[PDB]
Every structure is written in C-alpha cells, then in structure tokens.
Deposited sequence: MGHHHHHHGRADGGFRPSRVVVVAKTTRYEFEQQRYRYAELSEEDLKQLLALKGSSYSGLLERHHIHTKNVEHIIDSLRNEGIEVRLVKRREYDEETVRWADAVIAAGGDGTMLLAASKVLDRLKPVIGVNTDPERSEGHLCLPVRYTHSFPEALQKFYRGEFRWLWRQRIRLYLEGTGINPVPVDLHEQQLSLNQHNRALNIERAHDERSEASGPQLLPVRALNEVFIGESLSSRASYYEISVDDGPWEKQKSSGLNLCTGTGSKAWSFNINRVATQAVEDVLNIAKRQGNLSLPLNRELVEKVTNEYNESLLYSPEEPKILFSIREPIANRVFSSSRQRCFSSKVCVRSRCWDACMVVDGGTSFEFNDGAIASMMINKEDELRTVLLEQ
C-alpha cells in the first residue's frame, strides 16, 4: 500500500516580494519584512525540490501562471508549496479523483496550512517521502461541490480572481465553499433558494455560503461561530429569566463551535444565510442547515458566485445555480502524523 510517484509538479505560491518585483528599497511599513518572508518560502521550496530529486523523482516547479491542466496530466502527483491558498489553487485544476494532491506549508509562522502536511515535514521532507513510500499514511478523499448554471442571460465563463439554456457544468469545483452575493459589499443580496428540492423561499441577506466539510473550518466557521462573550451574556439571561466562570463559558462555547465543523469525507453541504434581514417587510427561515443539494435563483443586479475565493462567475437576475456533491469530484489527499 505504498506510494512513490515518478513525476511531480510543484506549484509554489507567489510571494509579496515577487509581487512587488513584478510591479515596478524601503517604501512604507513592512519593508524588509517582505524579503525575510520571501527567503523563508524560497529556502523551503528548494528543500522540497532537492528532496524529491534525491529520491529520483522528476520534478517541474511552476508558479500560478504556468500551473495548467497539461502539467497536471503530465504529473503523477501535484504538490502545493505555500499555504491553504496554494492548495485551493492546486485543487482547482485537478478533477480526477485518483490524482494525489499534497500541500507543504512553506511559511509556518505566517501560513495556517490546515490543508497541508504537518509543519515538521516542511524542513523534513525526505521523511514524508519515506512515509509515503512505506505506506505509513492514509488516503483522505475530501468531498467537493460542483456547480451547474442555467436560466436566462447567463454567462458561465470563469473569472480568475488572482488575475433560456439547460444546465451546464461549470469548470471548477469548490473544496472550501461557494459564496454567492452582490459584488458591492454594502448592497443587500436578493435570491430564492430551494434546499433538497424543497419549496422556493425568498431571502434578503449579505450573501450565501455553501461549504464542504473541508470548508467548514474556513469562511463558514467565522460566519457562524459564537463569541465567548455572547454565551456569557446568553447564560446570564438564563439564570435571571448552575454556576458560571471562565471555565463553564469556555466549555459551552467550544461545544457549540465544534458543532459547526464536520468531516471532509461527509458528502453534505453546510449552507448558511449570511446576515439575513428579517423585519416587518421581509422574512427569513432557517439560518444554517445541512443538505445534499441547494439550488439558487438569482434576483441580483451585479452579483457573483465565487469558488474558493479564486474563481468567480456572473450570477444575475435570471441565472439559476445548482450545487451538489459527486463522488468523482473527491479530492485525493494524504494524512500523516
């Protein structure tokens, strides 16, 4: 049950310093902080490449603009070298459930890397390669959401945010989430939603978030999690309208918040109405729920459907989107100690 690829594409993030270069000594604030960050990431990319080549593996190192589907098909395995952002980028071009995608955190002090290998492998990559070769790991297939688009006036062409018609399959899958909303941050969004083929219900809010189990810890977590002060208050209306302290409040906050996370393997969508407006003229139903399918009718003026923060689609009045989870969209990942 081992695993040793012969061909690997590494797709490495572009650093802020590289960004500033491709755009023009100490300008404003974090001047040489950018250069320190750049050297850490570069050191780590070289460690990964050297380790692979030392195992006899043929490696091709690309940035964003040269990470393409052709390079993915050439490779036996994709390695994202950066942070969770780099894993989303890499996963966006993999649509084959058998193709391994592995993430290495190249700046652990500034990159969370929740989708990447544990931090120790960043500077101990031959060790990870040995664990793979020896089968000392397990496969984790992360469920992903796929998007269909139909209706009138639709435009299914994807837009890369990093620079009547029947249902058509959009060319990207969501590993984290589909966000839906007006482009203007302060403009309320208006749509109708049907969950698991239920009746259509109108909604006014600041958007909709539809996440996977993998995405349950990302945007969705910060949309729905309850502040420890909010439960201090809520538990105080309780005794007014058991004793409390920092102990009990922290216990109840974390149980509630853990209830927002679910397994990346579970094929269900966590769907949240983001900041709904109720009041005396509009009304809203549930705020969050699980489902296997949610369809959205756009009633918006200048709105987008945004996949993993990276790929955007037009979604204006007349457009109808269907999200669901399909086994062939499972993203093949690894789990190490």
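What the model leaves out of the deposited chain are the segments 1-12, 37-50, 190-212, 291-294, 391.
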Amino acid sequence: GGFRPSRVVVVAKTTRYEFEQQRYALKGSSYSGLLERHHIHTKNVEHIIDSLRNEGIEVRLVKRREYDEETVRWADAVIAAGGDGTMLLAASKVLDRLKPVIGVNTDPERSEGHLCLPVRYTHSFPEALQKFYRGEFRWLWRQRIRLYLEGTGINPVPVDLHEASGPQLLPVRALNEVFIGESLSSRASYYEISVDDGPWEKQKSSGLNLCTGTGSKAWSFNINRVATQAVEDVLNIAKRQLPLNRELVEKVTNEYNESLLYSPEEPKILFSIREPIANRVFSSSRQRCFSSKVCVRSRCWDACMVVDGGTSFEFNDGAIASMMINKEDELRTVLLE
From here on, numbers count along this sequence of modelled residues.
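Per the records, residue 243 is among the residues left out by at least a third of the other compared entries, whereas the shown structure includes it. Of the other compared PDB entries of this protein that include residues on both sides, at least a third leave residue 283 without atoms.
For the segment pair 287-295 and 40-48, the entry gives 287-295 the higher mean B-factor, averaged over Cα atoms. Taking the mean C-alpha B-factor of each stretch as recorded, 147-155 and 224-232 are not equal, and the higher mean is that of 224-232. For the set 192, 76, 255, 160, the PDB entry assigns the largest Cα B-factor to 255. Taking only the listed residues 269, 278, 307, 273, the entry reports the highest CA temperature factor at 278. Residue 199: CA B factor in the highest third of modelled residues in this chain (values from the PDB entry). Among all modelled residues in this chain, the alpha-carbon of residue 20 has a temperature factor (C-alpha) in the highest third. In the deposited entry, the Cα temperature factor of residue 331 places it in the lowest third of its chain's modelled residues. Among all modelled residues in its chain, residue 303 ranks in the lowest third by Cα B-factor. Placement of the Cα temperature factor of residue 242 within the chain: highest third of the modelled residues, per the deposited record.
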